[PDB]
Every structure is written in structure tokens, then in C-alpha cells.
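Have a look at the structure below, then the notes.
All chains are named by letter (A, B, ...) in the order of the sequence lines, taking the proteins before the strands, and each is independently numbered beginning at 1.
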Amino acid sequence: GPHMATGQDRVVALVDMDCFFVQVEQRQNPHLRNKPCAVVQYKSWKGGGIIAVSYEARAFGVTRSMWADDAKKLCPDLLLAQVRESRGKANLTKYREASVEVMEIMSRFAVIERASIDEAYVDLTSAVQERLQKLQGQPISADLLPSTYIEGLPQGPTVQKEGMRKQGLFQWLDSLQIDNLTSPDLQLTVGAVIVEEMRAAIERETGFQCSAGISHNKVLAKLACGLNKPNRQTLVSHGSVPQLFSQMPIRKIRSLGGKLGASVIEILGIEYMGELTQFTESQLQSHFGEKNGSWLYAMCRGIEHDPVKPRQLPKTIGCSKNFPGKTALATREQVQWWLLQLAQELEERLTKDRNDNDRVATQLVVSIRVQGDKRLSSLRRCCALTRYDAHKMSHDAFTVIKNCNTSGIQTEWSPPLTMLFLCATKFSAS
DNA sequence: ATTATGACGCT
DNA sequence: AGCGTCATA
Ligand SMILES: [Mn+2]
Ligand SMILES: [Mn+2]
Ligand SMILES: [Mn+2]
């Protein structure tokens, strides 16, 4: 009754860029704008691997992970932009720098949690309270929410898409109680007003379009964001959760897209998020552990407490390269050459990081994969990182992996290496 | 032969 | 610590 927590204490948004690497390349090259377009890495093997796809290209069935040669079969006029290569490897600096542009704008509105290269969570609870105190109990005009969808509306007693959006927004606004500064639905609405402002600023100041979700926690905000991509934002209210979740595959919820989610489906014999409500918290804990069980019990009711962390910068800086098929490294000179290439890119990024962000990494993690191992990583070893010097770091990395060579001979490396990974970690203020 | 990342959980 | 899981361009 009066004591059941409803998880409506916060206003949380998730802002996610549309087709982000494609937009970065479209800004740079106007010829790519408003075209079926994709971003590819490498080229020699099957035309290269696609890692981002414009919405025009998606209409032809082009997806991420697709080889460009195969994408061209679906979409002959597909335009491509290639990821930069430096020191023999893909280099993602352009996209990291574009990300910083977006993150710095968002940070003007609230403290953000960088969740990927192209998205961040915002806790807007305080900003909403402030905007509410200025407003005076005026109704919120539809004109303040020009790109907002209200999930679940319209409903009850037009054949165009923008028409439907407005109908839902109208129903939503008319149901509001703007007289109550503690009403969660009102708080979400004001959150959505602020996010319109945020998204307008991002587009004005970078040229990049994005989508967003507004809800009471990170999982619902993330889910909401995807509902009306691209270039739109979606409000998912607490009240909208039972209908939304009644047909929502469990795998769609963040963190349930892998083995845990599959086990929820298999063990319980269910399909949709809403079906979880019929289990006790103890039942869920018995199957999925104490933490997962409590999390699922609350999550299927729309409730989650994971805070928006105040962290705008990545906490690791890493350099990685695969050596697939017959390109696997089989000599000492090869292994050392590539460790140096990775280490030189790492030095570059680390030095820039120290100057920009007043911090220094203190641990170097070295990871390799061996031919025959299905696992992402075969071996991970750490050592000290005391100087930002590529030759030292590459010499150190070789030392910690040296004993992995099962070859009797010194000159050969066996079994051949199919991945090298250098990562700088454990930052301290400097 | 999707690749290049990056956060967090477990023991 | 080293490994595993999950995630995103
Ligand atoms: Mn995106
Ligand atoms: Mn994203
Ligand atoms: Mn994506």
C-alpha cells in the first residue's frame, strides 16, 4: 500500500547518437550525406568489415558485422568511408574526438555517465526540480516537446506517423497534473523538455543527430531510447511498463542479452519481461543468485536503482589487434614489431590523455590469443607502467608473454598469435 | 576472418 | 589478480 517503493524517485535519460561513426564521416564529407552509407574497417578481406550503417542503408538490409562485399550485394550504390589506418592498424581517434564533443555539451546540463563512445546517461532529477520551480505550475506546451513520443499512447476510443506522435503527446499532456511538483509523470515530462534542449544543442553545435530515452532509471531510459530512433526521443512512464513489458522479449533488456537472459527463459519457461512478475524474489534469487534475483524482481516491475555515475572519461585506454587466418604472428621479430606498433599508439593516446585530463596510468595489462583457443583472450598478465615510453612498454609486454612460446627455438613463435592487446589502467591524479 | 574497444562481476 | 560476461561503433 503506502509503503511499496515504486522506483519513481529519479529522472534519468539516455542519449545515444544516431548511426554515429557514419554521421562523423558525413559531417566531414558532404557527398555522403542523405545516402545509403556505411563505415568499414580494412578492405582486403571481403571488402572490409562494416561497423556502422546509415538508416538509408538499413532499408536495404545492410547491417553491422556484414562484409562490405556482401552489403554491396544488397545495396549496389552503398557508399563507404574507411576507418583510418595508422601503424598498420585501425585507429579510432576521429570517433573518440567526436565523442568528446558530444559529451562536453551534455555535461553543461548535468553530470554524465559515459556508457559508450556514443552514449551517456544523465540524472536530471535536480535540473527538473529547478525547472519546475521556475515554471510556476504552467502547463507544459506540446511545442516544448517537438520530437517526443510517449510510449503506449495514443490509446482508447490519422494514418500518418507525425500525426500519431502528436495524438499520443496530446493525450499525455491533457492527463497531466502540473499542480503537483512531486508527481513523477510531471517530472518525466519536464525531463523530456530538458532533453529536447540538450539534443537541440548537440545538433546545433556538432551537426550530429541523436535519440534519447527519458524514464526513471537507466534500463528503462536505454530501452526507451531505441523505441523511436532515429532523431526522436521517447518517454517511458512508470505506468507504461506493464503493457510494454507484457510483450517485451527478455533479451531486449540491458544485461539480459546473453547467457543469463537465455537461462531466465529456459529455466522459468517464459518469454517476456512481464512474465517475471509471477515469481517471488526468493524464487528468482534461487535460480539466478542473490543480486540477479533481486535485480530481476524489481526490474520486471520497472524498478532499478543503479546510479548514474559521475564519470565522463574512460577509465582504461587500450590498443588491440587481431591477426586472423594466415596472418597470425609466428616469429619473434613479428611479435615484437606489432607490440611496438600497439605501444606507440598507446603512448600517443596516453600522452594526450595526461595533458587533457591531469592523470597518469600506473598498470599495463598485456593480453594475447593463441591459435586454437575459442576464447576472446587466452592469457592476460599485468605489469607496472612507470613511463609513457612505447619502447619500454613493448619490451615489458614481450617479457610478460615470452614464456607462452611453446617452441623450442627462440626465433619461432608457436602456437601462432592471433591477437595482441595492450591496456593502460589504474589511473591516479597528476 | 567482424574487429576494436571498454565496464563490471566472480572467486 | 586473471578470467568471464555483456555491451557498443
Ligand atoms: Mn548510436
Ligand atoms: Mn550506442
Ligand atoms: Mn548500435
Side-chain angles (χ1 to χ4, degrees), chain A residues 8-20 23 27 98-116 118-151 153 162 165-166 168-170 172-173 176 178 180-218 220-237 308-310 312:
Chain A
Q8 290 169 144
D9 44 310
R10 300 179 289 157
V11 180
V12 174
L14 179 276
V15 178
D16 185 277
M17 308 305 294
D18 300 334
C19 56
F20 183 45
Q23 290 198 87
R27 181 173 74 174
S99 179
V100 169
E101 293 183 65
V102 172
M103 299 307 168
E104 292 187 344
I105 297 163
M106 294 181 61
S107 295
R108 302 209 305 258
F109 296 78
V111 174
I112 70 174
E113 183 182 341
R114 183 207 195 262
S116 79
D118 90 321
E119 77 209 76
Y121 295 92
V122 207
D123 189 311
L124 295 168
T125 307
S126 63
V128 159
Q129 286 305 122
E130 301 216 36
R131 185 67 167 270
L132 274 167
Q133 81 197 5
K134 296 101 238 217
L135 239 17
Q136 315 172 323
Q138 342 187 327
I140 295 181
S141 166
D143 292 339
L144 295 186
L145 296 161
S147 65
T148 296
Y149 279 84
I150 308 303
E151 174 60 26
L153 299 180
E162 166 67 10
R165 181 198 72 87
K166 274 175 160 281
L169 180 60
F170 280 146
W172 174 255
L173 292 177
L176 276 186
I178 40 84
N180 184 12
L181 274 65
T182 68
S183 167
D185 288 342
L186 176 57
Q187 289 163 359
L188 292 183
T189 303
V190 173
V193 174
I194 292 168
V195 174
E196 293 275 8
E197 295 170 358
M198 299 184 58
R199 293 180 46 250
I202 291 175
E203 184 174 13
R204 188 184 78 78
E205 303 180 27
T206 71
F208 304 143
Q209 283 178 358
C210 62
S211 298
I214 305 96
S215 197
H216 290 299
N217 53 63
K218 290 159 76 178
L220 291 181
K222 175 62 176 182
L223 185 68
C225 183
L227 290 178
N228 291 282
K229 271 190 170 268
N231 196 30
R232 296 292 186 264
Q233 53 181 65
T234 306
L235 189 160
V236 164
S237 66
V308 178
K309 300 184 185 216
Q312 177 181 353

According to salt bridge (charged side-chain N to carboxylate O under 4.0 Å, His left out), who are the partners of [X], at least two apart in sequence or on a separate chain?
| X | value |
| --- | --- |
| A:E151 | none |
| A:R10 | none |
| A:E196 | A:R199 |
| A:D18 | A:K229 |

Could you measure the distance from the [atom1] atom of [X] to the [atom2] atom of [Y]? Nearest 0.5 Å is fine.
| X | Y | atom1 | atom2 | value |
| --- | --- | --- | --- | --- |
| A:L227 | A:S211 | CG | OG | 10.5 Å |
| A:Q23 | A:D118 | CD | CG | 9.5 Å |
| A:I202 | A:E197 | CD1 | CD | 12.5 Å |
| A:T189 | A:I150 | OG1 | CD1 | 6.0 Å |
| A:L188 | A:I214 | CG | CD1 | 8.5 Å |
| A:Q187 | A:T182 | CD | OG1 | 6.5 Å |

When you compare the side chain of [Y] with that of [X], does any pair of heavy atoms fall below 4.5 Å?
| X | Y | answer |
| --- | --- | --- |
| A:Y121 | A:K222 | yes |
| A:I112 | A:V308 | no |
| A:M198 | A:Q233 | no |
| A:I194 | A:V128 | yes |
| A:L176 | A:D185 | yes |
| A:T125 | A:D9 | no |
| A:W172 | A:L235 | yes |
| A:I140 | A:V190 | yes |

Completion exercise
Sorted by chain and number, sequence neighbours left out, side-chain hydrogen bond (donor to acceptor under 3.5 Å, both in side chains) with A:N217 holds for none

Practice task
Not counting sequence neighbours, which residues clear side-chain hydrogen bond (donor to acceptor under 3.5 Å, both in side chains) with A:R108? List them please.
Solution key: A:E205

Answer yes or no: is there a donor N or O on one side and an acceptor on the other, between the side chain of [X] and the main chain of [Y], under 3.5 Å?
| X | Y | answer |
| --- | --- | --- |
| A:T234 | A:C225 | no |
| A:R27 | A:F208 | no |
| A:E119 | A:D16 | no |

List the atom of [X], the atom of [Y], and the distance in Å for their closest heavy-atom pair.
| X | Y | answer |
| --- | --- | --- |
| A:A13 | A:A221 | C-CB, 4.0 Å |
| A:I178 | A:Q138 | CG2-O, 4.0 Å |
| A:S99 | A:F20 | N-CZ, 3.8 Å |
| A:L124 | A:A110 | CD2-CB, 4.3 Å |

Practice task
Take A:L223 and A:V236 through the test side-chain contact (heavy atoms from CB on, under 4.5 Å) and record every step on the way to the result.
Solution key: CA-CA 9 Å; A:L223 185 68; A:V236 164; over 6 Å; no

